[PDB]
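Asker: The structure follows.
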6 protein chains.
Amino acid sequence: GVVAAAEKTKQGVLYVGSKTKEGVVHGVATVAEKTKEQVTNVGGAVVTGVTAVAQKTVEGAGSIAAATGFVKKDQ
Amino acid sequence: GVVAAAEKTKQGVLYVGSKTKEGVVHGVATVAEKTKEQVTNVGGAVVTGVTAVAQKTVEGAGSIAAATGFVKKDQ
Amino acid sequence: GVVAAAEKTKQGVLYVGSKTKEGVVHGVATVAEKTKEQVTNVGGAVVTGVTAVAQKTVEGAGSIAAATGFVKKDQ
Amino acid sequence: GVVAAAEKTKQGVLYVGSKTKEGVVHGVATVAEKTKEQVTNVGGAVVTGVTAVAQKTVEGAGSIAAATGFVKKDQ
Amino acid sequence: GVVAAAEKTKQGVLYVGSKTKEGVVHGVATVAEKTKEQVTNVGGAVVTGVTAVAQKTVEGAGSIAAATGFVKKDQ
Amino acid sequence: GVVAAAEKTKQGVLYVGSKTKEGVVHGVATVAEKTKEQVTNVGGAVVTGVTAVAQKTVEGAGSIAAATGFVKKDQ
């Protein structure tokens with residue numbers, strides 16, 4: 001004869017900007033099996049494949065994925 | 001004869017901007033099996049494939065995925 | 001005869017910007033099996049494949065993935 | 001004066017069971033943020049959390065996630 | 001004056017069971033941030049958390065995640 | 001004056017069970033940030049956390065993650 005027994009007898013400050021999660025990317029699972037990509041750029045800008053990116057700027061101009069083809073100022 | 005027994009006897013400050021989740025991307029599952037992409041740019045801007053991106057700007061102009069083809073100021 | 005027994009008898013400040021997670025990317029799993037990429041650039045900018053990136057700027061202009069094709073100022 | 005130019009001048013057996021993908025699991029992205037699980041088993045079987053599993057059996061009985069609580073044969 | 005130029009001038013057996021992908025798991029991205037698990041087993045079987053598993057059996061009984069609580073044969 | 005130029009002038013058996021990928025797990029990315037686990041076993045079997053496992057059996061009974069709580073044969 002086999003016996004198995006188990007028992008459990010269980011008796012019984014301002015915070016102005018304190019705890020903030022700001023500019024956060026947490027938890028990402030990405031899979032790419034067969035992705036062919038081909039880019040031909042002539043005199044401009046090309047931005048591809050920007051993933052899992054975070055930033056926080058204070059008193060400044062912040063851009064994650066920005067592209068400007070050309071800037072010309074002549075006199 | 002086999003015996004199995006189990007028993008459980010269970011008896012028994014301002015916060016101005018304190019706890020904020022602002023500018024957050026959490027929880028993303030992405031799959032891409034066979035995605036062909038082809039880009040031909042001549043004198044402009046092209047922005048593709050921007051995923052899982054977060055940011056927070058304070059007193060600034062923030063753009064995630066912005067594209068300006070050309071800027072010309074002549075005199 | 002075999003016997004197995006187990007028992008558990010269990011009886012019994014400002015924080016201005018203190019604890020912030022800002023500009024953070026935590027938790028990323030990425031797989032790429034067969035990804036062919038081909039880039040041809042002539043006189044511009046190309047930015048591809050930017051992943052798991054974080055930054056925090058204070059009193060400055062911060063850009064994660066920015067591309068400017070050309071800047072011309074003549075006199 | 002700036003100049004950017006680009007040019008591309010482009011001129012120009014039985015197979016009985018040969019190429020089979022059988023019993024395959026390819027391409028899976030899974031995320032679990034806050035999953036609490038609690039199992040209490042007394043004298044039986046419990047099978048949880050079986051993911052991304054493949055097998056191929058030839059001339060045999062194959063079971064991926066099978067559970068039999070008890071088998072009793074007395075004389 | 002700046003000049004950028006680029007040019008590309010491009011002119012110009014039985015297989016019985018030969019190439020099979022059988023019992024394969026290829027390509028998996030999994031993330032688990034905060035997963036609490038608690039198991040209490042008394043006299044049985046418990047099988048949890050079986051992921052990214054493959055096998056191939058020939059002339060045999062194959063089980064990936066099988067659980068039998070008890071086997072009793074008395075005389 | 002600056003000059004940049006580039007040019008590319010491009011002119012110009014049975015296989016019974018030969019090439020098989022069988023019982024294979026290739027390509028896995030797993031992240032676990034804060035996973036608490038607690039197991040209490042009394043007189044049985046517990047199998048947890050089986051990942052990235054492969055096997056191939058020939059003329060035999062193969063089990064990846066199997067658990068039998070007890071086997072009793074008395075006379």
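Identifiers in this document derive from the order of the structure tokens: chains are assigned A, B, ..., residues are numbered from 1 separately in each chain, and ligands are numbered from 1 in order of occurrence.
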Give me the residues near residue 59 (chain A) as an MDAnalysis selection string, where near means some atom within 7 Å (using only C-alpha atoms) and where sequence neighbours in that chain fewer than 3 positions away do not count.
Answerer: (chainID B and resid 58:60) or (chainID C and resid 58:60)
Asker: Could you take the residues named above and write them with C-alpha atoms, as an mmCIF file, in the first residue's frame?
Answerer:
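Result written to out_21.cif:
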```cif
data_model
loop_
_atom_site.group_PDB
_atom_site.id
_atom_site.type_symbol
_atom_site.label_atom_id
_atom_site.label_comp_id
_atom_site.auth_asym_id
_atom_site.auth_seq_id
_atom_site.Cartn_x
_atom_site.Cartn_y
_atom_site.Cartn_z
ATOM 1 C CA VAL B 58 8.973 68.211 -23.865
ATOM 2 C CA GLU B 59 8.981 71.744 -25.316
ATOM 3 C CA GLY B 60 9.957 70.549 -28.783
ATOM 4 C CA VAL C 58 18.489 67.019 -22.371
ATOM 5 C CA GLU C 59 18.526 70.495 -23.952
ATOM 6 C CA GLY C 60 19.468 69.163 -27.378
#
```
Asker: Identify every residue of chain C that has at least one atom within 10 Å of any atom of chain F, counting only C-alpha atoms, and report the result as a count of residues only.
Answerer: 15
Asker: Which residues in chain A does DSSP call strand (DSSP E or B)? List them as number ranges by chain.
Answerer: A: 2-11, 21-25, 28-32, 37-42, 45-58, 63-68, 71-74
Asker: For those residues, write C-alpha atoms to a file as a compact mmCIF listing (two decimals), in the first residue's frame.
Answerer:
```
# COMPACT_ATOMS: atom_id res chain seq x y z
CA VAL A 2 1.29 3.41 -1.09
CA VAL A 3 0.40 6.65 0.70
CA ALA A 4 0.90 10.26 -0.43
CA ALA A 5 -0.22 13.14 1.80
CA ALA A 6 0.35 16.89 1.81
CA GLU A 7 -1.03 19.58 4.12
CA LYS A 8 -0.66 23.36 4.33
CA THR A 9 -2.03 25.08 7.45
CA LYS A 10 -1.90 28.83 6.80
CA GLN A 11 -3.08 31.19 9.55
CA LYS A 21 7.25 55.10 -17.70
CA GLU A 22 7.69 57.60 -20.54
CA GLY A 23 9.19 56.87 -23.95
CA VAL A 24 9.43 53.11 -23.45
CA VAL A 25 9.04 50.07 -25.71
CA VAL A 28 8.48 42.69 -28.77
CA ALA A 29 8.73 39.42 -30.68
CA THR A 30 9.47 39.69 -34.40
CA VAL A 31 10.14 37.02 -37.02
CA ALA A 32 11.09 37.53 -40.67
CA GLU A 37 14.66 44.25 -49.96
CA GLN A 38 16.20 46.38 -52.71
CA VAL A 39 16.85 50.12 -52.47
CA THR A 40 18.18 52.44 -55.20
CA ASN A 41 18.78 56.01 -54.04
CA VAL A 42 19.96 58.86 -56.28
CA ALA A 45 17.18 60.00 -48.47
CA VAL A 46 15.76 56.55 -47.71
CA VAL A 47 15.00 55.20 -44.22
CA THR A 48 13.71 51.64 -43.87
CA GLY A 49 13.51 49.08 -41.08
CA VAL A 50 13.23 51.03 -37.83
CA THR A 51 11.89 48.83 -35.03
CA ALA A 52 11.94 48.75 -31.22
CA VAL A 53 13.07 52.35 -30.80
CA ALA A 54 12.43 54.74 -27.90
CA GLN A 55 13.74 58.13 -26.85
CA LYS A 56 12.88 61.08 -24.63
CA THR A 57 13.91 64.65 -25.47
CA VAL A 58 13.72 67.63 -23.10
CA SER A 63 12.60 62.79 -34.62
CA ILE A 64 12.76 58.99 -34.64
CA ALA A 65 12.70 58.20 -38.38
CA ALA A 66 12.92 61.41 -40.41
CA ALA A 67 14.22 61.82 -43.96
CA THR A 68 14.91 65.05 -45.86
CA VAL A 71 18.45 71.22 -48.51
CA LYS A 72 19.58 74.03 -50.82
CA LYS A 73 20.16 77.65 -49.78
CA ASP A 74 21.97 79.74 -52.40
```
Asker: How far is it from CA of residue 69 (chain D) to CA of residue 36 (chain E), in Å with one decimal?
Answerer: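 Answer for the CA of residue 69 (chain D) to CA of residue 36 (chain E) separation: 25.4 Å.
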Asker: Rounded to one decimal, what separation in Å do you get between CA of residue 19 (chain B) and CA of residue 15 (chain A)?
Answerer: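 Between CA of residue 19 (chain B) and CA of residue 15 (chain A) the gap works out to 8.4 Å.
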Asker: Rounded to one decimal, what separation in Å do you get between CA of residue 75 (chain E) and CA of residue 75 (chain F)?
Answerer: 4.9 Å
